[PDB]
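**Student:** Here it is, the structure, as structure tokens.
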Amino acid sequence: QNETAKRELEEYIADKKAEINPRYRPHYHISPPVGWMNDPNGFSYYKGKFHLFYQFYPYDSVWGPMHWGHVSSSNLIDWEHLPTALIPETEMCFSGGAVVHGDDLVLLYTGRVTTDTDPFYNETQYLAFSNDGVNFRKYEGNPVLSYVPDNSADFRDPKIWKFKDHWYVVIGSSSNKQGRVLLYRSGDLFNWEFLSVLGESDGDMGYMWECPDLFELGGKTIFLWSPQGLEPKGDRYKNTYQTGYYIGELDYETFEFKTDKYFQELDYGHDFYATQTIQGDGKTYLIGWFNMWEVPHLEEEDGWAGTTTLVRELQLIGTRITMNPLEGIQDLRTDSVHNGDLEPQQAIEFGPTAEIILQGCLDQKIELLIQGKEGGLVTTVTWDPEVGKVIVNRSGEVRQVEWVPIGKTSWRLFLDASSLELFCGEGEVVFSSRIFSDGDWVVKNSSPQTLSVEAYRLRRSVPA
């Protein structure tokens, strides 16, 4: 590591931390200590802890030369900051994955370097190793993988896993303005063999395919990724860019991903993009970036931007990937704020944090009005039985979807200082949206019916 570049960053973070306006800072979602966060990177389990990295620009609350930020956790709820894992050099440290080989946590990340020809950048895959979970050194002969079909300038966001005697990687690319995902494998992490174009836009699925992922869930192969360039279609794909999946089967002999190419959005909210997953103890865990490209970030003027989502557990129920908060998120609960009937026009007061489990009759409208104790911007969460939709209206911008309950008809709602996560039913319908208002959360029953409501305040689990 360049010790001057390192120490200069450590003390820049240390100094700048007191200038961060705390008003929108999350209590129990990972935020950068200062400046800008996007895509989570290198989700991994190493010497008894979960590690997560993230696309990080230290010096401003907007995007810039890409670093990898770094946190760890014992329980996927409480997270502590570590020193910055990767600093840009000739290459910007773009998104990537992590695996444990032996004594080492290995990072596989995209290096973007500048050029003088129309693209003006090229992307190749770089390696870095740590033996202590803290210090990361780049491989002397980076990049290890440069070959991309049709010499596409786009070649990024590797996700690496081990299956038998090979490491496999899926990587995002484009060709002729059509998004695609590439599959490679290696016996040794340094030498990579191109296997196949695992998928490609037939014209309707966008021009670039970011943050790909591939894993087994409910006996099927999931292909999960963040396509760019879908057009809004009725209620769907209204965010700048999308995150969603195909269901199929990866054949490890032909390297074909057999699928009907039926696309589903994972999260129906305003501010969900770019995921990581990890598997252990028979569970599959997912986390995403809790923000969106090319839209206002109300926290930006406060000297920082972006959080992670809660970690979700995944299941495949019929054709739907369900998301639920961790089995032990209940440990965040401090004060019991409400239990039992919440009459029409009755409200509950929290601090900056809330967990609300509510039930109503689905034959009648359900509506919560969420706003700061000192007033300001409103978010409404609505069940409209006339159209059979859950509707999240964030300061006038609507996200909505048809809801057919799998089983449970209750909702579980998490508020943080500037965020909302609504888990409908058994997790088949989830909305993640950044929300901003003036002061501690007040939630009012706008329904024409009494609701049953179990509500808590939640303690902090992440740094300030």
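All residue names refer to the structure tokens as shown: chains lettered A, B, ... in order, residues numbered from 1 in each chain, ligands numbered from 1 in order.
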Can I get the residues of segment 244-333 of chain A within 9 Å of segment 66-76 of chain A, each with the closest pair of atoms and their distance in Å to one decimal, using only C-alpha atoms, sorted chain first then ascending number, as a tab-separated table?
**Tutor:**
```
residue	atom	partner	partner_atom	distance
A:310	CA	A:76	CA	8.8
A:311	CA	A:76	CA	6.8
A:326	CA	A:76	CA	8.0
A:328	CA	A:75	CA	8.5
```
**Student:** Excluding residue 5 of chain A and any residue of its chain fewer than 3 positions from it, enumerate the residues within 10 Å of it, using only C-alpha atoms, and give them as a PDB file with C-alpha atoms, in the first residue's frame.
**Tutor:**
```
ATOM      1  CA  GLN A   1       0.000   0.000   0.000  1.00  0.00           C
ATOM      2  CA  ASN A   2       1.059   3.702  -0.582  1.00  0.00           C
ATOM      3  CA  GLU A   8      -3.942  11.269   4.187  1.00  0.00           C
ATOM      4  CA  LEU A   9      -7.391   9.555   3.717  1.00  0.00           C
ATOM      5  CA  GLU A  10      -7.650   8.273   7.363  1.00  0.00           C
ATOM      6  CA  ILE A  87      -7.675   3.421  -3.223  1.00  0.00           C
ATOM      7  CA  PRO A  88      -7.691   4.331  -6.954  1.00  0.00           C
ATOM      8  CA  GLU A  89      -4.333   4.559  -8.841  1.00  0.00           C
TER       9      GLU A  89
END
```
**Student:** Point out the residue among A:413, A:211, A:453, A:278 with the least atom-to-atom distance to residue 180 of chain A, counting only C-alpha atoms.
**Tutor:** A:211
**Student:** So what do you get for atom CA of residue 275 of chain A versus atom CA of residue 287 of chain A, distance-wise?
**Tutor:**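 Computing it gives 5.6 Å between the two atoms.
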**Student:** Would you compute the distance between atom CA of residue 393 of chain A and atom CA of residue 437 of chain A? Give it in Å to one decimal.
**Tutor:**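 Atom CA of residue 393 of chain A sits 13.8 Å away from atom CA of residue 437 of chain A.
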**Student:** Using only C-alpha atoms, which residues of segment 314-378 of chain A come within 8 Å of segment 218-240 of chain A, and what is the closest atom pair for each, with the distance in Å to one decimal? Give it as a tab-separated table, sorted by chain and residue number.
**Tutor:**
```
residue	atom	partner	partner_atom	distance
A:315	CA	A:218	CA	6.8
A:316	CA	A:218	CA	5.3
A:317	CA	A:218	CA	7.7
```
**Student:** Would you write out those residues with N, CA and C atoms, as a PDB file, in the first residue's frame?
**Tutor:**
```
ATOM      1  N   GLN A 315     -36.152 -16.529   0.068  1.00  0.00           N
ATOM      2  CA  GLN A 315     -36.740 -17.855  -0.241  1.00  0.00           C
ATOM      3  C   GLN A 315     -37.408 -17.775  -1.601  1.00  0.00           C
ATOM      4  N   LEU A 316     -37.581 -18.932  -2.248  1.00  0.00           N
ATOM      5  CA  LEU A 316     -38.330 -19.012  -3.529  1.00  0.00           C
ATOM      6  C   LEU A 316     -39.659 -19.696  -3.226  1.00  0.00           C
ATOM      7  N   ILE A 317     -40.736 -18.920  -3.238  1.00  0.00           N
ATOM      8  CA  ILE A 317     -42.080 -19.485  -2.994  1.00  0.00           C
ATOM      9  C   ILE A 317     -42.799 -19.426  -4.337  1.00  0.00           C
TER      10      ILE A 317
END
```
